[PDB]
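The next block is run.txt, given as compact mmCIF, N, CA and C atoms and all ligand atoms.
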```
# COMPACT_ATOMS: atom_id res chain seq x y z
N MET S 1 -17.79 37.16 -93.52
CA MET S 1 -16.41 37.54 -93.81
C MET S 1 -15.53 37.41 -92.57
N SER S 2 -14.22 37.49 -92.77
CA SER S 2 -13.27 37.37 -91.67
C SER S 2 -13.22 38.66 -90.86
N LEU S 3 -13.32 38.52 -89.54
CA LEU S 3 -13.29 39.67 -88.65
C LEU S 3 -11.89 39.89 -88.10
N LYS S 4 -11.73 40.95 -87.30
CA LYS S 4 -10.43 41.26 -86.70
C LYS S 4 -10.01 40.18 -85.72
N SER S 5 -10.83 39.95 -84.71
CA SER S 5 -10.53 38.94 -83.70
C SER S 5 -10.07 37.64 -84.35
N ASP S 6 -10.56 37.39 -85.56
CA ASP S 6 -10.19 36.18 -86.29
C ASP S 6 -8.68 36.04 -86.40
N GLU S 7 -8.02 37.12 -86.84
CA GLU S 7 -6.57 37.12 -86.99
C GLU S 7 -5.89 36.66 -85.70
N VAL S 8 -6.46 37.05 -84.56
CA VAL S 8 -5.91 36.69 -83.27
C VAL S 8 -5.75 35.17 -83.15
N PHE S 9 -6.86 34.46 -83.27
CA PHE S 9 -6.85 33.00 -83.17
C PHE S 9 -5.77 32.41 -84.08
N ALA S 10 -5.71 32.91 -85.31
CA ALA S 10 -4.73 32.43 -86.28
C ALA S 10 -3.31 32.71 -85.81
N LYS S 11 -3.10 33.89 -85.24
CA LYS S 11 -1.79 34.29 -84.75
C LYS S 11 -1.32 33.35 -83.64
N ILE S 12 -2.17 33.15 -82.64
CA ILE S 12 -1.84 32.28 -81.52
C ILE S 12 -1.44 30.89 -82.01
N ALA S 13 -2.30 30.30 -82.84
CA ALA S 13 -2.04 28.97 -83.39
C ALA S 13 -0.71 28.93 -84.13
N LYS S 14 -0.52 29.87 -85.05
CA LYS S 14 0.70 29.95 -85.83
C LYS S 14 1.92 30.05 -84.92
N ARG S 15 1.75 30.72 -83.79
CA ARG S 15 2.84 30.89 -82.83
C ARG S 15 3.19 29.57 -82.17
N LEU S 16 2.18 28.74 -81.94
CA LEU S 16 2.39 27.44 -81.31
C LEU S 16 3.31 26.56 -82.15
N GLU S 17 3.24 26.73 -83.47
CA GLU S 17 4.07 25.96 -84.38
C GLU S 17 5.54 26.31 -84.22
N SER S 18 5.80 27.44 -83.56
CA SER S 18 7.16 27.90 -83.33
C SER S 18 7.85 27.07 -82.25
N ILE S 19 7.17 26.92 -81.11
CA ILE S 19 7.71 26.15 -80.00
C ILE S 19 8.25 24.80 -80.47
N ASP S 20 9.57 24.69 -80.54
CA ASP S 20 10.21 23.46 -80.97
C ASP S 20 9.94 22.33 -79.99
N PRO S 21 9.79 21.10 -80.52
CA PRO S 21 9.52 19.91 -79.70
C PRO S 21 10.72 19.51 -78.85
N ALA S 22 11.89 20.06 -79.18
CA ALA S 22 13.11 19.76 -78.44
C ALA S 22 13.17 20.55 -77.14
N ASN S 23 12.17 21.39 -76.92
CA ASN S 23 12.11 22.21 -75.71
C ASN S 23 10.74 22.87 -75.56
N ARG S 24 9.94 22.34 -74.65
CA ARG S 24 8.60 22.87 -74.41
C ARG S 24 8.53 23.58 -73.06
N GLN S 25 7.44 24.30 -72.83
CA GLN S 25 7.25 25.02 -71.58
C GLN S 25 6.07 24.46 -70.79
N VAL S 26 4.86 24.83 -71.20
CA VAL S 26 3.65 24.36 -70.54
C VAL S 26 2.48 24.30 -71.51
N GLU S 27 2.01 23.09 -71.79
CA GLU S 27 0.89 22.90 -72.70
C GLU S 27 -0.30 22.25 -71.99
N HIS S 28 -1.49 22.78 -72.24
CA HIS S 28 -2.70 22.25 -71.62
C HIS S 28 -3.94 22.72 -72.37
N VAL S 29 -5.11 22.29 -71.91
CA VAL S 29 -6.37 22.66 -72.54
C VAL S 29 -6.89 23.98 -71.98
N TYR S 30 -7.09 24.95 -72.86
CA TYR S 30 -7.59 26.26 -72.46
C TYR S 30 -8.93 26.56 -73.11
N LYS S 31 -9.65 27.53 -72.55
CA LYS S 31 -10.95 27.92 -73.08
C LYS S 31 -10.98 29.41 -73.41
N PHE S 32 -11.55 29.75 -74.56
CA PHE S 32 -11.64 31.14 -74.99
C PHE S 32 -13.08 31.50 -75.34
N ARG S 33 -13.62 32.50 -74.65
CA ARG S 33 -14.99 32.94 -74.89
C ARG S 33 -15.01 34.32 -75.54
N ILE S 34 -15.78 34.44 -76.62
CA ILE S 34 -15.89 35.71 -77.34
C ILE S 34 -17.25 36.36 -77.10
N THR S 35 -17.31 37.21 -76.07
CA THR S 35 -18.55 37.90 -75.74
C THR S 35 -18.66 39.23 -76.48
N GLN S 36 -19.85 39.52 -77.00
CA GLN S 36 -20.08 40.76 -77.73
C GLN S 36 -20.91 41.74 -76.91
N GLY S 37 -20.23 42.67 -76.25
CA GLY S 37 -20.93 43.65 -75.43
C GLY S 37 -21.06 43.21 -73.98
N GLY S 38 -21.54 41.99 -73.78
CA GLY S 38 -21.71 41.47 -72.43
C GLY S 38 -22.13 40.02 -72.42
N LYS S 39 -22.73 39.56 -73.52
CA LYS S 39 -23.18 38.18 -73.63
C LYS S 39 -22.30 37.40 -74.60
N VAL S 40 -22.11 36.11 -74.32
CA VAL S 40 -21.29 35.26 -75.17
C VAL S 40 -21.89 35.15 -76.57
N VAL S 41 -21.02 34.98 -77.57
CA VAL S 41 -21.46 34.86 -78.95
C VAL S 41 -20.94 33.57 -79.59
N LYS S 42 -19.91 33.00 -78.97
CA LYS S 42 -19.31 31.76 -79.47
C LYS S 42 -18.24 31.25 -78.52
N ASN S 43 -17.84 29.99 -78.70
CA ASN S 43 -16.83 29.38 -77.85
C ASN S 43 -15.55 29.11 -78.65
N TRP S 44 -14.42 29.07 -77.94
CA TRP S 44 -13.14 28.81 -78.58
C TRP S 44 -12.28 27.89 -77.72
N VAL S 45 -11.54 27.00 -78.37
CA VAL S 45 -10.67 26.07 -77.67
C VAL S 45 -9.23 26.18 -78.15
N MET S 46 -8.29 26.06 -77.23
CA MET S 46 -6.87 26.14 -77.56
C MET S 46 -6.25 24.75 -77.65
N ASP S 47 -6.08 24.26 -78.87
CA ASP S 47 -5.49 22.94 -79.09
C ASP S 47 -3.97 23.00 -78.96
N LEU S 48 -3.48 22.99 -77.73
CA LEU S 48 -2.05 23.04 -77.48
C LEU S 48 -1.39 21.70 -77.80
N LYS S 49 -2.21 20.67 -77.99
CA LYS S 49 -1.71 19.34 -78.31
C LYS S 49 -1.41 19.22 -79.80
N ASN S 50 -2.40 19.56 -80.62
CA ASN S 50 -2.24 19.49 -82.07
C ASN S 50 -1.62 20.77 -82.62
N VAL S 51 -1.46 21.76 -81.74
CA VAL S 51 -0.88 23.04 -82.14
C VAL S 51 -1.82 23.82 -83.04
N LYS S 52 -3.08 23.92 -82.63
CA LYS S 52 -4.09 24.64 -83.40
C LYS S 52 -5.12 25.29 -82.49
N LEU S 53 -5.96 26.14 -83.06
CA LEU S 53 -7.00 26.82 -82.29
C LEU S 53 -8.36 26.67 -82.96
N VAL S 54 -9.17 25.75 -82.44
CA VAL S 54 -10.50 25.51 -82.98
C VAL S 54 -11.57 26.20 -82.14
N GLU S 55 -12.81 26.13 -82.60
CA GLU S 55 -13.92 26.75 -81.90
C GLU S 55 -14.79 25.70 -81.21
N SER S 56 -14.76 25.68 -79.89
CA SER S 56 -15.54 24.72 -79.11
C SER S 56 -15.57 25.11 -77.64
N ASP S 57 -16.47 24.48 -76.89
CA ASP S 57 -16.60 24.76 -75.46
C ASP S 57 -16.54 23.47 -74.65
N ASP S 58 -15.54 23.37 -73.78
CA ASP S 58 -15.37 22.18 -72.95
C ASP S 58 -14.74 22.55 -71.61
N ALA S 59 -14.86 21.65 -70.64
CA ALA S 59 -14.30 21.88 -69.31
C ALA S 59 -12.78 21.88 -69.34
N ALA S 60 -12.20 23.06 -69.53
CA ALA S 60 -10.75 23.20 -69.59
C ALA S 60 -10.18 23.55 -68.22
N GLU S 61 -8.90 23.23 -68.01
CA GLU S 61 -8.24 23.51 -66.74
C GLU S 61 -8.17 25.01 -66.49
N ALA S 62 -8.25 25.79 -67.56
CA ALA S 62 -8.20 27.24 -67.45
C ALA S 62 -9.19 27.90 -68.40
N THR S 63 -10.07 28.74 -67.85
CA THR S 63 -11.07 29.43 -68.64
C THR S 63 -10.70 30.89 -68.85
N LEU S 64 -10.71 31.33 -70.11
CA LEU S 64 -10.37 32.70 -70.44
C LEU S 64 -11.51 33.37 -71.22
N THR S 65 -12.12 34.38 -70.61
CA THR S 65 -13.22 35.10 -71.24
C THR S 65 -12.80 36.51 -71.62
N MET S 66 -13.05 36.88 -72.87
CA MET S 66 -12.70 38.21 -73.36
C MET S 66 -13.58 38.61 -74.54
N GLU S 67 -13.91 39.89 -74.63
CA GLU S 67 -14.74 40.39 -75.71
C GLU S 67 -13.93 40.56 -76.99
N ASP S 68 -14.62 40.58 -78.13
CA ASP S 68 -13.96 40.74 -79.42
C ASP S 68 -13.00 41.92 -79.40
N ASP S 69 -13.50 43.08 -78.99
CA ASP S 69 -12.68 44.28 -78.92
C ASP S 69 -11.37 44.01 -78.18
N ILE S 70 -11.44 43.15 -77.17
CA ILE S 70 -10.26 42.81 -76.38
C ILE S 70 -9.45 41.71 -77.05
N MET S 71 -10.11 40.92 -77.88
CA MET S 71 -9.45 39.83 -78.60
C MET S 71 -8.29 40.36 -79.44
N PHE S 72 -8.58 41.36 -80.27
CA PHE S 72 -7.57 41.96 -81.13
C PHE S 72 -6.61 42.83 -80.32
N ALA S 73 -7.12 43.40 -79.23
CA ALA S 73 -6.31 44.26 -78.38
C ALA S 73 -5.22 43.46 -77.67
N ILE S 74 -5.64 42.47 -76.88
CA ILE S 74 -4.69 41.64 -76.15
C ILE S 74 -3.93 40.71 -77.09
N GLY S 75 -4.65 40.12 -78.04
CA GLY S 75 -4.03 39.22 -78.99
C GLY S 75 -2.83 39.84 -79.68
N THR S 76 -2.94 41.13 -79.99
CA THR S 76 -1.86 41.85 -80.66
C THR S 76 -0.96 42.55 -79.65
N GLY S 77 -1.26 42.37 -78.37
CA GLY S 77 -0.47 43.00 -77.32
C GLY S 77 -0.54 44.51 -77.37
N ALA S 78 -1.66 45.03 -77.85
CA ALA S 78 -1.86 46.48 -77.94
C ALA S 78 -2.05 47.09 -76.56
N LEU S 79 -2.80 46.40 -75.71
CA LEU S 79 -3.06 46.87 -74.36
C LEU S 79 -2.53 45.89 -73.32
N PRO S 80 -2.21 46.41 -72.12
CA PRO S 80 -1.70 45.59 -71.02
C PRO S 80 -2.76 44.66 -70.44
N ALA S 81 -2.46 43.36 -70.45
CA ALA S 81 -3.39 42.37 -69.93
C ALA S 81 -3.68 42.61 -68.45
N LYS S 82 -2.71 43.20 -67.75
CA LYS S 82 -2.85 43.49 -66.33
C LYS S 82 -3.85 44.62 -66.10
N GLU S 83 -3.58 45.77 -66.71
CA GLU S 83 -4.46 46.93 -66.58
C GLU S 83 -5.85 46.63 -67.14
N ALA S 84 -5.89 45.98 -68.30
CA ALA S 84 -7.15 45.64 -68.94
C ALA S 84 -8.08 44.92 -67.97
N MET S 85 -7.56 43.87 -67.33
CA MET S 85 -8.35 43.10 -66.37
C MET S 85 -8.47 43.84 -65.04
N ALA S 86 -7.48 44.68 -64.75
CA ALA S 86 -7.48 45.45 -63.51
C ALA S 86 -8.73 46.32 -63.40
N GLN S 87 -9.24 46.77 -64.54
CA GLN S 87 -10.44 47.60 -64.57
C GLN S 87 -11.69 46.75 -64.68
N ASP S 88 -11.62 45.52 -64.18
CA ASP S 88 -12.75 44.61 -64.22
C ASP S 88 -13.39 44.60 -65.61
N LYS S 89 -12.58 44.85 -66.63
CA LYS S 89 -13.07 44.87 -68.01
C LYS S 89 -12.88 43.51 -68.67
N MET S 90 -12.46 42.52 -67.89
CA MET S 90 -12.24 41.17 -68.40
C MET S 90 -12.47 40.13 -67.31
N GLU S 91 -13.02 38.99 -67.70
CA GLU S 91 -13.29 37.91 -66.75
C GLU S 91 -12.52 36.65 -67.13
N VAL S 92 -11.51 36.32 -66.33
CA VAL S 92 -10.69 35.14 -66.58
C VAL S 92 -10.59 34.27 -65.34
N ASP S 93 -10.65 32.95 -65.53
CA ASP S 93 -10.56 32.01 -64.42
C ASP S 93 -9.55 30.91 -64.73
N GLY S 94 -8.46 30.88 -63.96
CA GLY S 94 -7.44 29.88 -64.16
C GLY S 94 -6.16 30.20 -63.42
N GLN S 95 -5.26 29.22 -63.34
CA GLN S 95 -3.99 29.40 -62.65
C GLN S 95 -3.25 30.62 -63.19
N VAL S 96 -3.01 31.59 -62.31
CA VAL S 96 -2.31 32.81 -62.70
C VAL S 96 -1.11 32.50 -63.58
N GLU S 97 -0.28 31.57 -63.13
CA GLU S 97 0.91 31.17 -63.87
C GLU S 97 0.54 30.72 -65.28
N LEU S 98 -0.43 29.82 -65.37
CA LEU S 98 -0.87 29.30 -66.66
C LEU S 98 -1.13 30.44 -67.64
N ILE S 99 -1.96 31.39 -67.24
CA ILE S 99 -2.29 32.53 -68.08
C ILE S 99 -1.09 33.45 -68.25
N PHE S 100 -0.17 33.40 -67.29
CA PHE S 100 1.03 34.23 -67.33
C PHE S 100 2.03 33.69 -68.35
N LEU S 101 1.82 32.45 -68.78
CA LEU S 101 2.70 31.81 -69.75
C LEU S 101 2.43 32.35 -71.16
N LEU S 102 1.18 32.69 -71.42
CA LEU S 102 0.79 33.22 -72.73
C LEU S 102 1.04 34.72 -72.80
N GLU S 103 1.30 35.33 -71.65
CA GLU S 103 1.56 36.77 -71.58
C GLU S 103 2.76 37.14 -72.44
N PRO S 104 3.89 36.47 -72.19
CA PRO S 104 5.14 36.71 -72.93
C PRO S 104 5.06 36.25 -74.38
N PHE S 105 3.98 35.54 -74.71
CA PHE S 105 3.79 35.04 -76.06
C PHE S 105 2.91 35.98 -76.87
N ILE S 106 2.19 36.86 -76.17
CA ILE S 106 1.31 37.82 -76.83
C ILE S 106 2.08 38.67 -77.84
N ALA S 107 3.25 39.14 -77.44
CA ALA S 107 4.09 39.96 -78.31
C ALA S 107 4.39 39.24 -79.61
N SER S 108 4.60 37.93 -79.53
CA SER S 108 4.91 37.12 -80.70
C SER S 108 3.90 37.37 -81.81
N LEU S 109 2.68 37.76 -81.43
CA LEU S 109 1.62 38.03 -82.39
C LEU S 109 1.70 39.47 -82.89
N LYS S 110 0.93 39.78 -83.93
CA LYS S 110 0.91 41.12 -84.50
C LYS S 110 -0.52 41.58 -84.74
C1 LIG S 201 -2.48 35.79 -70.86
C2 LIG S 201 -3.53 35.86 -71.98
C3 LIG S 201 -2.88 36.03 -73.37
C4 LIG S 201 -3.64 35.26 -74.47
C5 LIG S 201 -3.07 35.54 -75.87
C6 LIG S 201 -1.50 34.99 -75.99
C7 LIG S 201 -1.60 33.51 -76.39
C8 LIG S 201 -0.20 32.99 -76.80
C9 LIG S 201 -0.17 31.49 -77.15
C10 LIG S 201 0.97 30.74 -76.43
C11 LIG S 201 0.49 29.40 -75.83
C12 LIG S 201 1.60 28.69 -75.04
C13 LIG S 201 2.77 28.25 -75.94
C14 LIG S 201 3.93 27.62 -75.13
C15 LIG S 201 3.70 26.14 -74.68
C16 LIG S 201 4.56 25.18 -75.56
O1 LIG S 201 4.09 25.06 -76.83
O2 LIG S 201 5.55 24.60 -75.14
```

Re-express the file's structure as structure tokens.
Amino acid sequence: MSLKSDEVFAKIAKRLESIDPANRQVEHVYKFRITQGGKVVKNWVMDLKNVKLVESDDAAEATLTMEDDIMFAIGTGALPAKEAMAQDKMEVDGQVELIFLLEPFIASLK
């Protein structure tokens, strides 16, 4: 069945369809890891080109690792991405700015 974190992926993708082609910001290949408790359970890819979010693992310019519990939390902007990671409760690797671009987009989701 469909889980909570699932809605997140759908939200992000649906949000990408908003960004009009007459004015873009920053699009690139991102990586999303869904760890359950401490170990990975699946891979996720951010198709910023086709404007979709599929499940896959590849060498992306920016790697973002987060647990399911955090998927729905951050995805819905329920908790602060800064504080969340500040407590070493999240592992992300990539250009601060790059990840900072999706920060203001988190709210767009519900
Ligand atoms: C900082 C981590 C937050 C992750 C969850 C928020 C993801 C929001 C998705 C927005 C992607 C970037 C869209 C703007 C680029 C463009 O299409 O021109």

Quick one: residues within 7 Å of (2.4, 39.8, -80.8) (file frame), counting only N, CA and C atoms, please, as a CSV table (one decimal) with N, CA and C atoms, keeping the file's coordinate frame.
```csv
chain,number,residue,atom,x,y,z
S,75,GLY,N,-4.6,40.1,-78.0
S,75,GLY,CA,-4.0,39.2,-79.0
S,75,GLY,C,-2.8,39.8,-79.7
S,76,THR,N,-2.9,41.1,-80.0
S,76,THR,CA,-1.9,41.8,-80.7
S,76,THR,C,-1.0,42.6,-79.6
S,77,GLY,N,-1.3,42.4,-78.4
S,77,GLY,CA,-0.5,43.0,-77.3
S,77,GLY,C,-0.5,44.5,-77.4
S,105,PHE,N,4.0,35.5,-74.7
S,105,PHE,CA,3.8,35.0,-76.1
S,105,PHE,C,2.9,36.0,-76.9
S,106,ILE,N,2.2,36.9,-76.2
S,106,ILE,CA,1.3,37.8,-76.8
S,106,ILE,C,2.1,38.7,-77.8
S,107,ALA,N,3.2,39.1,-77.4
S,107,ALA,CA,4.1,40.0,-78.3
S,107,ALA,C,4.4,39.2,-79.6
S,108,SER,N,4.6,37.9,-79.5
S,108,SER,CA,4.9,37.1,-80.7
S,108,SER,C,3.9,37.4,-81.8
S,109,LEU,N,2.7,37.8,-81.4
S,109,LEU,CA,1.6,38.0,-82.4
S,109,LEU,C,1.7,39.5,-82.9
S,110,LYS,N,0.9,39.8,-83.9
S,110,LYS,CA,0.9,41.1,-84.5
S,110,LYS,C,-0.5,41.6,-84.7
```

As lines of an AutoDock Vina configuration file, please: the centre and edge lengths in Å, to one decimal, of an axis-aligned box enclosing every listed atom of ligand LIG 201 (chain S) with 3 Å added on each side.
```
center_x = 1.0
center_y = 30.3
center_z = -74.0
size_x = 15.2
size_y = 17.4
size_z = 12.3
```

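Using only N, CA and C atoms, the residues found no farther than 5 Å from region 83-93 of chain S, other than those of its own chain fewer than 3 positions away, are residues 62, 63, 64, 65 and 80 of chain S.
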
Within 8 Å of ligand LIG 201 (chain S): each chain S residue with its shortest pair, only N, CA and C atoms and all ligand atoms, as JSON lines:
```
{"residue": "S:8", "atom": "C", "partner": "S:LIG201", "partner_atom": "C5", "distance": 7.8}
{"residue": "S:11", "atom": "C", "partner": "S:LIG201", "partner_atom": "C9", "distance": 6.8}
{"residue": "S:12", "atom": "CA", "partner": "S:LIG201", "partner_atom": "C9", "distance": 4.7}
{"residue": "S:13", "atom": "N", "partner": "S:LIG201", "partner_atom": "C9", "distance": 6.2}
{"residue": "S:15", "atom": "C", "partner": "S:LIG201", "partner_atom": "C10", "distance": 6.3}
{"residue": "S:16", "atom": "CA", "partner": "S:LIG201", "partner_atom": "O1", "distance": 5.4}
{"residue": "S:17", "atom": "N", "partner": "S:LIG201", "partner_atom": "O1", "distance": 6.9}
{"residue": "S:18", "atom": "C", "partner": "S:LIG201", "partner_atom": "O1", "distance": 6.9}
{"residue": "S:19", "atom": "CA", "partner": "S:LIG201", "partner_atom": "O1", "distance": 4.9}
{"residue": "S:20", "atom": "N", "partner": "S:LIG201", "partner_atom": "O1", "distance": 6.6}
{"residue": "S:21", "atom": "CA", "partner": "S:LIG201", "partner_atom": "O2", "distance": 7.7}
{"residue": "S:23", "atom": "C", "partner": "S:LIG201", "partner_atom": "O2", "distance": 5.5}
{"residue": "S:24", "atom": "CA", "partner": "S:LIG201", "partner_atom": "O2", "distance": 3.6}
{"residue": "S:25", "atom": "N", "partner": "S:LIG201", "partner_atom": "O2", "distance": 3.0}
{"residue": "S:26", "atom": "C", "partner": "S:LIG201", "partner_atom": "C15", "distance": 3.9}
{"residue": "S:27", "atom": "N", "partner": "S:LIG201", "partner_atom": "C15", "distance": 4.5}
{"residue": "S:28", "atom": "N", "partner": "S:LIG201", "partner_atom": "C15", "distance": 6.6}
{"residue": "S:48", "atom": "CA", "partner": "S:LIG201", "partner_atom": "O1", "distance": 6.5}
{"residue": "S:49", "atom": "N", "partner": "S:LIG201", "partner_atom": "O1", "distance": 7.8}
{"residue": "S:51", "atom": "CA", "partner": "S:LIG201", "partner_atom": "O1", "distance": 7.5}
{"residue": "S:64", "atom": "CA", "partner": "S:LIG201", "partner_atom": "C2", "distance": 7.7}
{"residue": "S:71", "atom": "C", "partner": "S:LIG201", "partner_atom": "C5", "distance": 8.0}
{"residue": "S:74", "atom": "C", "partner": "S:LIG201", "partner_atom": "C5", "distance": 5.4}
{"residue": "S:75", "atom": "CA", "partner": "S:LIG201", "partner_atom": "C5", "distance": 4.9}
{"residue": "S:76", "atom": "N", "partner": "S:LIG201", "partner_atom": "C5", "distance": 6.9}
{"residue": "S:77", "atom": "N", "partner": "S:LIG201", "partner_atom": "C5", "distance": 7.5}
{"residue": "S:81", "atom": "CA", "partner": "S:LIG201", "partner_atom": "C1", "distance": 6.7}
{"residue": "S:98", "atom": "C", "partner": "S:LIG201", "partner_atom": "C1", "distance": 6.4}
{"residue": "S:99", "atom": "C", "partner": "S:LIG201", "partner_atom": "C1", "distance": 3.8}
{"residue": "S:100", "atom": "N", "partner": "S:LIG201", "partner_atom": "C1", "distance": 4.9}
{"residue": "S:101", "atom": "C", "partner": "S:LIG201", "partner_atom": "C12", "distance": 5.4}
{"residue": "S:102", "atom": "C", "partner": "S:LIG201", "partner_atom": "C6", "distance": 4.1}
{"residue": "S:103", "atom": "N", "partner": "S:LIG201", "partner_atom": "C1", "distance": 3.9}
{"residue": "S:104", "atom": "N", "partner": "S:LIG201", "partner_atom": "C1", "distance": 6.5}
{"residue": "S:105", "atom": "C", "partner": "S:LIG201", "partner_atom": "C8", "distance": 4.3}
{"residue": "S:106", "atom": "CA", "partner": "S:LIG201", "partner_atom": "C6", "distance": 4.1}
{"residue": "S:107", "atom": "N", "partner": "S:LIG201", "partner_atom": "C6", "distance": 6.5}
{"residue": "S:108", "atom": "N", "partner": "S:LIG201", "partner_atom": "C8", "distance": 7.4}
{"residue": "S:109", "atom": "N", "partner": "S:LIG201", "partner_atom": "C8", "distance": 7.2}
```

Item to check | Coordinates-based distance that separates CA of residue 66 (chain S) from atom C of residue 53 (chain S) (Å, one decimal) | outcome: 15.6 Å

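Among the candidate residues S:30, S:9, S:73, S:96, the one lying nearest to residue 58 (chain S) is S:30, with distances computed using all atoms listed in the file.
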
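The set of residues in chain S assigned to strand (DSSP E or B) by DSSP, using only backbone atoms of this structure, is residues 30, 31, 32, 33, 34, 35, 36, 39, 40, 41, 42, 43, 44, 45, 46, 47, 52, 53, 54, 62, 63, 64, 65, 66, 67, 91, 92 and 93 of chain S.
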
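Between CA of residue 60 (chain S) and CA of residue 94 (chain S) lies a distance of 9.2 Å.
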
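Taking only N, CA and C atoms into account, residue 5 (chain S) lies nearest to S:69 out of the set S:69, S:47, S:97, S:57.
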
Checklist entry - What separation in Å, quoted to one decimal, exists between atom C of residue 46 (chain S) and atom N of residue 68 (chain S)? => result 17.9 Å

Checklist entry - So which one's closest to residue 29 (chain S), S:59, S:2, S:82, S:72? Using only N, CA and C atoms, please. => result S:59

Checklist entry - Hey, can you pull every residue with an atom no more than 5 Å from (-13.4, 30.6, -77.1), using all atoms listed in the file, and send it as an MDAnalysis selection string? => result chainID S and resid 31:34 43:45

Item to check | Every residue of region 33-75 of chain S that DSSP places in alpha helix (DSSP H), as an NGL selection string | outcome: :S and (68-75)
